[PDB]
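Engineer:
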Amino acid sequence: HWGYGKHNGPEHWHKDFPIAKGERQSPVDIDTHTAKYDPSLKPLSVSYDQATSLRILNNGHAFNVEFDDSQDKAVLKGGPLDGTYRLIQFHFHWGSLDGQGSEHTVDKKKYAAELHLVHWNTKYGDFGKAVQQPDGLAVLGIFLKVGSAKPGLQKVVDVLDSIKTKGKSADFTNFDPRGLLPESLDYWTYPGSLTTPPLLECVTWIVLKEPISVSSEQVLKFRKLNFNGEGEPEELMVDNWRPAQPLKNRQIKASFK
Ligand SMILES: CN(Cc1ccccc1)C(=S)S
Ligand SMILES: [Zn+2]
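Sequence positions in the sequence shown follow the entry's author numbering and run 4 to 125, 127 to 261.
1. Taking DSSP as the reference, what is the three-state secondary structure of residue 165?
2. Can you give me the C-alpha to C-alpha distance between residue 184 and residue 104, rounded to a whole angstrom?
3. Please classify residue 24: is it buried, with 16 or more other beta-carbons within 10 angstroms of its beta-carbon, or exposed?
4. Are the CB atoms of residue 194 and residue 256 nearer to each other than 8 Å?
5. For the beta strand (DSSP E) that residue 48 lies in, which residues bound it at each end?
6. Counting Cβ pairs, one atom from each stretch, are 3 or more of them under 8 Å apart for the stretch 223-231 and the stretch 105-113?
7. Considering only the beta carbon of each residue, do residue 198 and residue 189 sit closer than 8 Å?
8. Just checking residue 208 against ligand 2 - is the residue's beta carbon closer than 7 Å to any of the ligand's heavy atoms?
9. According to DSSP, is residue 33 part of a helix, a strand, or is it coil?
10. Cβ atoms of residue 53 and residue 70: under 8 Å apart, would you say?
11. With the cut-off set at 8 Å, would you say residue 31 and residue 249 are in Cβ contact?
12. What do you reckon, are the CB atoms on residue 152 and residue 219 nearer than 8 Å?
13. Could you please give the first and the last residue of the uninterrupted alpha helix (DSSP H) stretch that includes residue 221?
14. Rounded to whole angstroms, how far is the Cβ of residue 215 from the Cβ of residue 149, which I believe are closer than 8 Å?
15. What does DSSP give as the partner residue(s) for residue 108 in the beta ladder?
16. Grouping DSSP H, G and I as helix and E and B as strand, with all else coil, what is residue 16?
17. Does DSSP put residue 70 in a helix, in a strand, or in coil?
18. Please determine, among 246, 39 and 144, the residue with the shortest C-alpha to C-alpha distance to residue 5.
19. Could you tell me how far apart the beta carbons of residue 253 and residue 14 are, in whole angstroms, since I believe they sit closer than 8 Å?
20. Thinking just about the alpha-carbon of each residue, which of 168, 222, 259 and 160 is nearest to the one in residue 177?
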């Protein structure tokens with residue numbers, strides 16, 4: 004099965020998922036000097052006040068904090084988006100070292116991790133149908149750098165002991181994802197894909213310019229997770245990121261000058 008190891012990592016994925024070499028794959032490098040400011044891009048609207056988190060799951064390649072997406076409770080709208088996109092889950096990608104871990108890069112700079120807040124277009129009725137559509141998903145990507153702690157992340161860090169291994173889940177209610185957002189909503193946007201198999205080309209990427217800072221202790225706790233199941237040989241869940249893919253026939257747009 005696919006993974007992030009030597010024999011099943013990103014360079015292998017195309018054998019089971021040929022779209023890996025497609026025309027709108029993610030992540031990409033964001034060349035800040037060639038991104039074009041688009042004055043017609045609307046401000047992003049992030050409406051998370053009624054978000055209802057349900058649980059947290061180690062799925063063998065990341066941990067997902069899952070939300071009730073059966074009503075319009077936590078939605079993303081505006082920006083490059085037409086219509087309303089509902090929050091279904093968030094997860095992170097991170098490194099074995101503070102010098103790598105993000106999937107998008109900024110002028111080739113790698114951050115220590117990257118948060119993906121995953122939303123699906125309500127016109128398609130559920131996530132599974134949405135991923136089959138070119139405008140099915142909107143993923144808000146936020147870079148993490150190591151420095152000061154992010155207090156709003158700590159409840160996530162502290163439950164990771166309970167989901168160390170693949171397939172473990174824990175109740176995780178009343179978590180407020182507003183505590184993971186930077187001050188500014190300035191962003192870059194482009195059409196791309198999921199960054200894990202099945203690599204479907206269904207994502208409008210909205211990548212925030214401003215990173216959040218997390219502490220070294222916080223990211224160290226991410227690195228104690230396991231890719232394996234309980235009772236299987238221990239392999240630390242680190243470097244669960246795909247490298248940058250060719251931009252091909254795409255232009256990254258900026259919401260800011
Ligand atoms: C939705 N995904 C794929 C994914 C699903 C679960 C955990 C990690 C990644 C994107 S990378 S935004
Ligand atoms: Zn992701």
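Every residue gets a Cβ at the ideal spot worked out from N, C-alpha and C, and that includes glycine.
Structural biologist: For this structure:
1. In the three-state scheme derived from DSSP, where H, G and I count as helix and E and B as strand, residue 165 is classed as helix.
2. One alpha carbon belongs to residue 184, the other to residue 104, and they sit about 17 Å apart.
3. By the beta-carbon neighbour count (other beta carbons within 10 angstroms, threshold 16), residue 24 is exposed.
4. Yes, the pair counts as a contact, with Cβ atoms nearer than the cut-off.
5. From DSSP, the beta strand (DSSP E) with residue 48 extends over 47-50.
6. At 8 Å Cβ cutoff, the stretches do not touch.
7. Cβ distance not < 8 Å, so residue 198 and residue 189 don't count as in contact.
8. Answer for residue 208: no, Cβ out of range of ligand 2.
9. Reduced to three states, the DSSP call for residue 33 is strand.
10. No, the pair does not count as a contact, with Cβ atoms beyond the cut-off.
11. Their beta carbons are under 8 Å apart, which means residue 31 touches residue 249 by this criterion.
12. Between residue 152 and residue 219, the C-beta gap is smaller than 8 Å, which places the two residues in contact.
13. Residues 220-226.
14. In this structure, residue 215 and residue 149 form a Cβ contact; the two beta carbons are roughly 5 Å apart against a cut-off of 8 Å.
15. In the DSSP output, where bridge partners are listed per residue, residue 108 has 32.
16. In the structure shown, residue 16 sits in a helix (DSSP, three-state: H, G or I).
17. In the three-state reduction of the DSSP assignment, residue 70 falls in the strand class.
18. Answer by Cα proximity: 246.
19. About 23 Å separates the beta carbons of residue 253 and residue 14, which is beyond the 8 Å limit, so they are not a contact pair.
20. From the listed residues 168, 222, 259 and 160, the smallest Cα separation to residue 177 is found for 160.
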